[PDB]
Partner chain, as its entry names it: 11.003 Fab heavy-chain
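Okay, here we've got a single chain as structure tokens, the form solved without the partner chain, with questions on binding and movement later.
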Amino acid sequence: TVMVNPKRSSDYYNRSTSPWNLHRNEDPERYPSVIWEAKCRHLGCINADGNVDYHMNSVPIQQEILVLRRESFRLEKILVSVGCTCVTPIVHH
């Protein structure tokens, strides 16, 4: 026991070859109550012609973050998606 005293400001989500949207994650018993989580727009990645390359993969980049939960509060560690990256698939065993 111890004592303790959203925005989208980057355009990377649209300029990325693995672009992403944001989804509202809301929990009234949590601080922050509203978290915006990334969801990749495509299964594949966008090529230089602007079309989807289904061979590559858009995958979410996750971060472990601290949140406060009403329980007087209790500290929790959760995983949130912050954006997406484009990867070459695992193609061997």
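Each form is matched to the other, and the largest set of C-alpha atoms that superpose within 1.5 Å is called the rigid core. Numbering follows the first chain given and starts at 1.
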property: Core-aligned Cα RMS comparison in 6 other deposited structures of this protein - stretch that moves more, 74-82 or 12-20; result: 12-20
property: Other entries omitting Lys7, at least a third; result: yes
property: Count class of deposited residues lacking coordinates, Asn5 to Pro6; result: 10 or more
property: Unresolved deposited residues lying between neighbours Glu71 and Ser72; result: 4 to 9
property: Of 58-66 and 37-45, the stretch whose C-alpha atoms average the higher B-factor in the entry; result: 58-66
property: Residue stretch of maximal mean CA temperature factor, 6-14 vs 20-28; result: 20-28
property: Third of chain Cα B-factors occupied by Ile78; result: highest
